[PDB]
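>>> generate coordinates for the sequence data below:
(chains A, B, C, D, E, F, G and H, ligands or ions: 15)
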Amino acid sequence: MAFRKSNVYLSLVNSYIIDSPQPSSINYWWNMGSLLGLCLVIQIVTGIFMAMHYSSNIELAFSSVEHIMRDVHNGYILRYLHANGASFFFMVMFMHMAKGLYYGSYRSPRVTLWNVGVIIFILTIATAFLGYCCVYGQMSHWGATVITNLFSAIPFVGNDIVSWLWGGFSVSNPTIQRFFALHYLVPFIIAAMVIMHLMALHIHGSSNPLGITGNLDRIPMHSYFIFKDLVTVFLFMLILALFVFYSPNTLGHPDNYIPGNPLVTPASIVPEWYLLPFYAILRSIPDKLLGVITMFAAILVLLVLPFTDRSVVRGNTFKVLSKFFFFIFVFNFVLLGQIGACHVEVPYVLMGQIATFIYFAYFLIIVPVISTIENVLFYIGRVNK
Amino acid sequence: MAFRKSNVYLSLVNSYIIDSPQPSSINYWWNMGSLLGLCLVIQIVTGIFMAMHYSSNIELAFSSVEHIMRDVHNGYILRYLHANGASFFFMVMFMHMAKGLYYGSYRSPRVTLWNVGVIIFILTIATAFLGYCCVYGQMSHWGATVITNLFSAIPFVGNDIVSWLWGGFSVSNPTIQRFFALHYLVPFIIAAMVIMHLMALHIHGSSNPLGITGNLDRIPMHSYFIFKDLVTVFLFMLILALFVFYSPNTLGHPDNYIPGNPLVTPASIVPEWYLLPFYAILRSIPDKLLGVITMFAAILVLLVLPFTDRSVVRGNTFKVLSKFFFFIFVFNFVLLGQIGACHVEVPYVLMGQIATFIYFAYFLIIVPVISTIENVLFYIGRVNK
Amino acid sequence: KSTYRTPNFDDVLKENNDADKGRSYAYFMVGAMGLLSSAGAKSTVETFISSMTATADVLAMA
Amino acid sequence: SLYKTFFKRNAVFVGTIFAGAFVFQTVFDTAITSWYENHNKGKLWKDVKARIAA
Amino acid sequence: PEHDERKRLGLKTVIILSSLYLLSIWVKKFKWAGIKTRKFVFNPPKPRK
Amino acid sequence: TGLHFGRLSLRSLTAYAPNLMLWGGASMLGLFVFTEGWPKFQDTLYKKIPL
Amino acid sequence: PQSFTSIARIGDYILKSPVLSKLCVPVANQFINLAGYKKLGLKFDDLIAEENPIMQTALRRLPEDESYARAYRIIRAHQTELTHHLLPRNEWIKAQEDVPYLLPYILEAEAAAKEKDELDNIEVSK
Amino acid sequence: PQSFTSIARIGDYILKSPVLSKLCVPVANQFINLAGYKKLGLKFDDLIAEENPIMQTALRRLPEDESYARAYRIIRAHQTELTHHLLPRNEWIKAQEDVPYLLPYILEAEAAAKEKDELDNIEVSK
Ligand SMILES: CCCCCCCCCCC(=O)OC[C@H](COP(=O)(O)OC[C@H](O)COP(=O)(O)OC[C@@H](COC(=O)CC)OC(=O)CCC)OC(=O)CCCCCCCC
Ligand SMILES: CCCCCCCCCCC(=O)OC[C@H](COP(=O)(O)OC[C@H](O)COP(=O)(O)OC[C@@H](COC(=O)CC)OC(=O)CCC)OC(=O)CCCCCCCC
Ligand SMILES: CCCCCCCCCCCCCCCCCC(=O)OC[C@H](COP(=O)(O)OCCN)OC(=O)CCCCCCCCCCCCC
Ligand code: HEM
Ligand code: HEM
Ligand code: HEM
Ligand code: HEM
Ligand SMILES: COc1c(O)c(C)c(C/C=C(/C)CC/C=C(\C)CC/C=C(\C)CC/C=C(\C)CC/C=C(\C)CCC=C(C)C)c(O)c1OC
Ligand SMILES: COc1c(O)c(C)c(C/C=C(\C)CC/C=C(\C)CC/C=C(/C)CC/C=C(/C)CC/C=C(\C)CCC=C(C)C)c(O)c1OC
Ligand SMILES: CCCCCCCCCCCCCCC(=O)OCCCOP(=O)(O)OC[C@@H](O)COP(=O)(O)OCCCOC(C)=O
Ligand SMILES: CCCCCCCCCCCCCCC(=O)O[C@H](COC(=O)CCCCCCCCCCCC)COP(=O)(O)O
Ligand SMILES: CCCCCCCCCCCCCCCCCC(=O)O[C@H](COC(=O)CCCCCC)COP(=O)(O)OCCN
Ligand SMILES: CCCCCCCCCCCCCCCCCC(=O)O[C@H](COC(=O)CCCCCC)COP(=O)(O)OCCN
Ligand SMILES: Cc1cc(C)c2nc(SCc3c(C)cccc3-n3nnn(C)c3=O)sc2c1
Ligand SMILES: Cc1cc(C)c2nc(SCc3c(C)cccc3-n3nnn(C)c3=O)sc2c1
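Numbering: from 1, shown residues only, chains lettered A, B, ... in the order given. Ligands and ions are numbered 1, 2, ... in the order given. Sharing the structure here:
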């Protein structure tokens, strides 16, 4: 055997990105998982260089971000990459998870692959919250106030959890010095969950857009899917260039260029655009205990999808009723994001109430009724009885 | 098969710490590698809790360590553990590497195991330097001055490397803000080199104090070497208790309780005790280019030991001339550490000059001459000719 | 039919199959896509190591 | 001939893609730091530091 | 204050990368020419098989 | 029969050499790529006759 | 996972009913053509997932003249997908040859699994 | 990795020399007893590392009556080490049975390896 399959470490490289048997049929949607390995390298590398010029005290926090942008050599290149790159991290991950429930890979034998992916999505939301509180702008103070006040609704436990989460009695100086130290660590826990995520893929491989088995026609990774990889990696860094150099402040709020003040309140407190559909679900339940339960049990409703699909065919390729309800779930996640950036008014409280019910009727009422009607309609359309 | 050898992740736990075939003959020196997995967990965990109350600016650095020690609840427990624990990290690692060149495990087929271990020892010295510069005491200023001034001796490159390492023209405020951000990262690179270190052990296993093969008499890991493990783990945390609660400042310098001043110089600038033998090698060469080459090519002289042993028996158990020269190398590393805490005087410059030659005559002149004399003396003592 | 009767590939085939025709134009393009990826990758590693130099308000106190 | 000139030799195919990239950055930076200037004239600092000569 | 410097380095990268992206579509569809034109034919085996 | 090799197969004496004079013209040429932007000993590069 | 036994229990009840099988059978026919699996050269029993220990049993018991012709319909469909075209209308499965060749082998591998568990959870008394 | 060809080349030259073998042979005898490998019930050829493709050849060619008695001397020594005692003086190898049983099989596996490389790096001319 060759040296690349004889060495201890090179055979790990050879079994994953050189001679891994891939199906012959996969299209450009199987590339979004490769961009996320580049997206995570960019956000870690640009952040270690920006951590050399940062001060996490509450009286120095909104001056070390400006010292980076005005005094550090090419410091505006570092920040604008680490603020438009995290919004590029999320647009790929919304398209990664949406593919995997179209082709329906969550099924057997890939259920551990789907369960370690839900843990990554929880830890990714938590870093983008903890790092947006490190700028200490005006949106960065009243966003940490509203979220940490929810943990007082836990009965007999509440006001001893918030006072441990705050280090005081409000969003003080120990609140900002502990949020930076947790912002350095959870990106290193995500990287150890991606290594466990790739292990569960090596024992079963990828699926295909047909759904059926693909052990009859396979192609190695080298010279075909590496040169199919670089088509989208050069497209990724080209639209990551048209933002960092031409419109570097479109995906952001102007109120974050005012230093945070615990005495004047803004006219609107709205999140960054990728936490907006989860914001309208919290505001739709008129109780601060049943509102914090509902928003946490909306990322954890993905785990009931392996047990709720009643069909015998994998993937929504030849399913024409299970395809009409995939595109109702997509434009409902967009209407939920729009309402989380509105005012609490009429009718944006009844619209955010109906549309947070369609988020839950999909995984529990719409999937098992339609994936059972199709099993009978594939049967009585063929069997002559 | 059982569930522990059927699961994806549990069979990784089962192949390493449950059913790994161990020799029946190993003694209590094969436990030092297990303490270092606990030593690295302690230093990471106590440091993330101390990073919530720390400010890395040069005017706030010698007041956030004191705010921890008098205001933080049990903050003196956190610091004294993270300052006596790092000196416990090194006493085990000096005894780990000394076992592996007694039994002589560096030999074939374990040479990648010895080469990834030298990389860990370089990255461990670098963290203890970068974190001792974060207190910003008086030893913490003049220790970073002396070391970073050595990189100006590189011809045509020097004064553009130090000015990039300093961020200015001396040990300024950007020097302390970049040394903390690199102190958080290199402990996470050591942990990824320990995972690669365990992989190269799983394919060949451990050695034994006899040297000969041990595939004829083996014992699993569970119930024998786990209950032999806990004898030394309870002894480790008991002497880590008699320091953190009874003599918490014996392994340290009192000059680090003065804030650092770039205008008054101390009467003696000496390192922490585990960098002392490497300090006497730098001071022994009267040139700042041939002194920085010699001290870096004294951690990298371990890589020539697989190519310099000429014997046919593995390990110094039945070798009585190769045992007398192992204990000359031990007490020479102690005399080198003593001289690195002395004054530059007579005769502590000729004593540190001879004893840094015996550090190099061992790996290159003493090993191959004595490991060849023994091969003939095991032959003509038996063969009747 | 038989396995000694290959199907027609003349709908996709070239009309003059000189060997050096496609051996030159397939090394000019892989040559050009390893030239911009060598100059467009030295400039990125250099931007990240220019930030660790002396800051603009440190050069004013020179 | 043409294929065996500089495409057969990888030591050239690693060399010339590196050697060509050294002169690529300099004929191309100068070419665009003369198009940016000529597109925007009368709005630079060197232009308005010549009508304040009085 | 970086506004004129930023838009000048904003042509060094969008000219390199938009050309580097156009080459990877030629290069990919050259090495993917054999797989897209393979033929298949089924002669069913003798009726013992 | 009893001729030149040790651990290397020395029949590649100059069957390894003149092309790594050109890989040495491709790796020291690789150091003619990353030395940019670092105007410290790039006086050893910027004396060429064009541009 | 909706058991063929249960699919055939519901499916036979619609086919026996003369008033239900004038409502569901035209909807069952437009659902087949809009699926479009025949244009890729596949019958319906090719589409079934085979990663459970009942479909692995029903594939071994299949005769070898049918086991060889099914491995070619799968490979011919992976190549029609890659070129993004469709097969010609001379290589489409018609409405007469799309029959269940795997349903007899499936329904008896299930009924033998619903006897091994009924005989291991049993409350016989004296 | 010194080679027994080279060990035996130097070793025979001392044994043939009558004035050198009154200096080195008593030093060779005190070095054996101070090694102490006989007290653990082992001959010297047990101690040799076997993780190279020459010692793996010389162990296959060994006769099976000697290959079984050597697997017991190793196991009896792993148990004497674990209990931290020594074997009794009735189970120590004496100074007559410590003979090289593996050196004939070693010296011919090396001389056949110093002909396969001499015949592959060769400069024959016409
Ligand atoms: C933040 C974003 C960062 C950048 C990441 C981009 C994400 C891309 C994800 C979209 C995707 O992957 O869907 C693929 C879809 C067609 O599906 P397919 O794989 O079956 O067709 C392969 C083709 O026939 C062969 O494509 P071929 O290899 O022949 O040429 C490549 C093509 C573009 O290459 C790409 O990378 C496309 C993404 O070159 C050109 O067209 C020349 C243009 C001058 O391609 C499409 O055009 C559909 C567009 C609709 C998707 C919108 C979703 C956005 C929310
Ligand atoms: C700051 C670092 C603290 C870290 C924790 C302590 C590190 C311990 C490192 C020392 C070591 O590992 O050497 C072990 C060696 C034992 O030799 P052996 O395995 O052949 O015999 C096993 C026995 O017969 C059965 O021992 P048994 O299991 O029957 O009894 C328990 C044992 C205590 O267990 C231990 O952990 C001992 C280390 O009882 C004792 O032996 C009394 C000792 C207090 O002991 C010796 O030979 C003594 C050599 C002196 C060590 C010098 C170290 C210089 C720094
Ligand atoms: C925890 C909560 C989970 C939330 C995750 C939900 C996130 C939703 C965000 C929308 C982005 C995802 C878009 C859909 C991507 C997955 C769809 C897919 O994998 O492919 C489906 C379909 C493929 O069709 P074919 O290529 O196979 O057609 C060939 C005919 N045989 O592909 C197509 O037909 C192309 C259709 C493109 C639809 C575009 C909709 C995207 C709208 C984005 C709006 C952005 C606003 C910011
Ligand atoms: C998965 C990885 C990461 C994500 C998604 C992420 C995300 C973010 C986001 C969205 C911001 C707010 C940017 C703004 O609006 O100004 C931010 C700020 C920040 N992050 Fe990251 N980050 C990641 C990793 C890291 C790491 C590892 C560090 C290590 C030092 C880091 C350092 C910082 C710093 C210093 C800020 C300060 C504010 C600023 O400079 O803009 N980040 N992070
Ligand atoms: C940093 C985050 C992630 C990384 C690096 C990553 C990486 C990958 C990669 C490389 C693949 C290979 C197939 C492909 O390229 O499409 C894959 C597949 C998959 N991922 Fe992820 N992923 C991430 C996040 C997620 C999340 C958040 C989920 C689900 C909630 C998820 C679920 C899956 C599933 C089900 C598959 C299998 C798809 C299939 O084989 O058909 N992943 N992932
Ligand atoms: C291999 C791991 C580590 C080693 C060997 C190590 C070593 C050290 C040492 C020797 C000191 C000086 C203690 C003193 O004399 O006061 C120190 C200081 C410090 N280290 Fe660690 N460290 C490690 C990991 C970490 C990590 C991962 C962090 C960050 C989460 C950290 C945070 C700190 C902090 C904040 C100080 C400040 C000074 C103090 O509080 O004493 N350390 N480190
Ligand atoms: C954080 C640092 C380290 C960790 C966690 C670690 C871990 C381990 C463990 C668990 C073992 C097996 C148990 C044992 O043999 O005692 C081992 C063996 C070994 N280690 Fe380390 N080690 C570290 C540092 C080093 C260093 C610095 C070196 C050499 C310079 C080294 C060289 C070796 C060798 C050669 C062995 C094999 C010994 C044998 O099997 O006889 N290790 N290591
Ligand atoms: C030869 O046979 C053997 C053998 O003899 C032995 C002893 C062992 C066991 C020895 C070991 C040293 C165990 C292995 C070591 C590790 C797994 C260590 C690596 C792991 C880490 C360093 C983990 C680091 C810790 C963290 C990342 C925790 C982070 C802290 C957090 C999250 C707290 C902050 C949270 C809040 C809310 C503030 C073997 O595995 C083995 O088989 C090879
Ligand atoms: C489906 O087939 C595929 C497949 O398509 C792909 C793409 C891959 C490739 C795998 C990936 C893309 C996974 C991605 C892996 C990661 C994202 C891990 C990277 C994690 C990190 C933490 C890297 C960052 C490390 C650092 C040390 C940061 C650098 C900081 C530095 C150098 C400090 C700078 C300061 C100084 C002084 C130098 C496969 O393995 C695979 O087979 C399964
Ligand atoms: C009581 C004791 C304490 C308790 C301890 C618990 C149990 C202890 C056991 C320790 C377990 C250690 C086992 C090591 C391990 O986890 O193996 C690695 C996992 C396999 O997955 P992977 O291949 O690394 O991931 C997948 C990776 O191999 C992906 O690699 P790729 O990205 O393809 O290549 C790198 C990029 C190169 O790219 C280029 C440059 O071309
Ligand atoms: C780890 C990498 C993270 C950064 C990649 C993010 C890409 C998207 C934003 C572009 C940032 C580039 C900043 C511009 C710059 O610094 O140089 C700019 C211009 O340089 C360029 O045009 C290079 C553009 C091509 C970059 C993408 C090609 C990738 C090739 C492989 C890279 C692997 C290491 C300064 O030019 P200068 O040479 O005069 O100093
Ligand atoms: C799971 C997370 C851990 C982090 C990633 C795990 C590893 C992923 C791949 C990383 C790249 C590794 C490629 C290195 C290839 C080097 C070849 C080699 O190992 O030769 C080794 C010697 O390497 C060393 O001395 C130590 C190198 C340290 C490597 C540190 C990066 C010899 O190879 P070998 O002895 O098997 O050849 C015999 C052929 N008959
Ligand atoms: C971390 C560095 C990487 C180095 C190698 C990784 C070492 C492995 C660490 C040991 C993990 C031990 C896991 C044993 C339990 C796994 C059971 C299981 O197969 O779960 C699988 C999937 O669940 C998971 O993803 C848990 C993954 C554990 C990861 C922890 C965050 C079965 O899931 P479950 O039994 O709960 O049934 C489904 C009902 N939701
Ligand atoms: C599970 C989970 C965890 C967290 C932590 C979380 N957080 C939010 S919303 C925070 C917010 C508000 C309410 C208002 C303005 C700005 C921000 N804000 N804070 N960070 N970022 C990126 C923001 O947009 S939902 C959510 C869900
Ligand atoms: C390879 C390498 C790297 C480094 C970085 C290194 N450093 C030293 S000595 C530093 C020192 C001095 C000279 C004087 C006082 C105190 C400290 N000092 N600094 N940190 N620590 C723990 C100390 O004792 S040798 C060495 C070798």
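>>> in chain D, which residue is most central in space?
residue D:28 (1.7 Å; Cα atoms, centre = their mean).
>>> give me the three-state assignment for it.
helix (DSSP: H, G, I helix; E, B strand; the rest coil).
>>> can you tell me the centre-most residue of chain C?
residue C:33 (1.6 Å).
>>> chain A versus that one, what's the distance?
Distance of residue C:33 to chain A, computed by Cβ to the nearest Cβ, to the nearest Å: 9 Å. No exception for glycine: its C-beta is placed from N, CA and C like everyone else's.
>>> skipping adjacent residues, who's closest to that residue in space?
residue E:23 (4.2 Å; Cβ to Cβ, 6 or more residues apart in numbering or on different chains).
>>> residues making contact with the helix or strand hosting the one you found?
Per DSSP states H and E, residue E:23 falls inside helix E:12-31. Helix E:12-31 is contacted from outside by A:223-224, A:227-228, A:230-231, A:234-235, A:237-238, A:241-242, A:245, C:26, C:29-30, C:32-33, C:36-37, C:39-40, C:43, D:29, D:32, using Cβ atoms under 8 Å, 6 or more residues apart in numbering or on different chains.
>>> any of those buried? List them.
Buried by 16 or more other Cβ atoms under 10 Å in any protein chain shown: A:224, A:227-228, A:230-231, A:234-235, A:237-238, A:241, A:245, C:26, C:30, C:32-33, C:36-37, C:39-40, C:43, out of the contacts of helix E:12-31.
>>> quick one: which of these sit in strands?
Among the buried ones among the contacts of helix E:12-31, no member falls in strands (DSSP state E).
>>> just the CA trace of stretch G:6-20, in CSV.
Taking C-alpha atoms only, stretch G:6-20 is exported to CSV below (Å, rounded to 0.1, in the frame of the first residue of the first chain):
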residue,chain,number,x,y,z
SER,G,6,-51.0,-1.8,7.9
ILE,G,7,-50.6,-0.2,4.4
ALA,G,8,-52.2,-3.2,2.9
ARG,G,9,-54.9,-3.4,5.6
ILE,G,10,-56.1,0.2,4.8
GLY,G,11,-55.4,-0.3,1.1
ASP,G,12,-57.5,-3.4,0.6
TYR,G,13,-60.4,-1.7,2.5
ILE,G,14,-60.5,1.1,-0.1
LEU,G,15,-60.2,-1.3,-3.0
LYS,G,16,-63.0,-3.5,-1.7
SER,G,17,-65.3,-0.5,-1.1
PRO,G,18,-67.0,0.3,-4.4
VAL,G,19,-67.9,3.9,-3.4
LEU,G,20,-64.5,4.8,-1.9
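>>> run the contact check for that stretch versus chain A.
Yes: applying Cβ under 8 Å from any Cβ of the partner chain, one finds stretch G:6-20 touching chain A at G:7, G:8, G:10, G:11, G:12, G:14, G:15, G:16.
>>> now the first one: how far from chain H?
Separation of residue G:7 from chain H (Cβ to the nearest Cβ) stands at 61 Å.
>>> since we're on the spatially closest residue to residue A:166 that is not a sequence neighbour, how many residues are nearby?
In space, and not counting its chain neighbours, residue A:166 is closest to residue A:175: 5.3 Å by Cβ to Cβ, 6+ apart. For residue A:175, the neighbour count with other Cβ atoms under 10 Å in any protein chain shown is 20.
>>> quick one: contacts for residue A:175?
Contacts of residue A:175 (Cβ under 8 Å, 6+ apart): A:133, A:144, A:165, A:166, A:167, A:168.
>>> list buried members of these by neighbour count.
If we count by 16+ other Cβ under 10 Å, these have these buried: A:133, A:144, A:165, A:166, A:167.
>>> quick one on the thing from earlier: what about the residue nearest to the centre of chain C, distance to ligand 9?
19 Å (Cβ to the nearest ligand atom, to the nearest Å).
>>> residues in contact with that residue?
E:20, E:23, E:24, E:27.
>>> have a look at the chain and report its longest helix.
This is for chain A. helix A:173-202 (DSSP state H).
>>> oops, wrong one, chain G.
Max-length helix for chain G by DSSP H is helix G:64-82.
>>> quick one: check that helix for contact with ligand 3.
No: applying Cβ under 6 Å from any ligand atom, one finds helix G:64-82 separated from ligand 3 by no less than 8.0 Å.
>>> that helix near chain A at all?
Yes: judged by Cβ under 8 Å from any Cβ, helix G:64-82 comes into contact with chain A at G:71, G:74, G:75, G:77, G:78, G:79, G:81, G:82.
>>> of the residues of stretch G:6-20 next to chain A, closest to ligand 1?
residue G:7 (32.3 Å; Cβ to the nearest ligand atom).
>>> that closest one: how many residues sit nearby?
Residue G:7 has 21 nearby residues by other Cβ under 10 Å.
>>> which residues are contacting the helix or strand hosting it?
Take DSSP H and E as the rule and residue G:7 turns out to sit in helix G:4-16. Applying Cβ under 8 Å, 6+ apart, the contact partners of helix G:4-16 are A:312, A:375-376, A:379-380, A:383, A:385, G:20-21, G:24, G:103, G:106-107, G:110-111, G:114.
>>> right, and the helix or strand after it?
helix G:24-33.
>>> tell me what that following helix is packed against?
helix A:367-377 (3 or more Cβ pairs under 8 Å, 6 or more residues apart in numbering or on different chains; DSSP states H and E).
>>> mind listing what the residue of chain F found nearest chain A touches?
In chain F, no residue comes nearer to chain A than residue F:37, which is 10.2 Å away by Cβ to the nearest Cβ. Residue F:37 sits next to C:43, C:46, C:47, C:50 when contact means Cβ under 8 Å, 6+ apart.
>>> one more time with 7 Å
Neighbouring residues of residue F:37 by Cβ atoms under 7 Å, 6 or more residues apart in numbering or on different chains: C:46, C:50.
>>> so it: helix, strand or coil?
coil.
>>> could I get the phi/psi values of residue A:137?
For residue A:137, the backbone dihedrals (degrees, to the nearest 10) come out as phi -90, psi -160.
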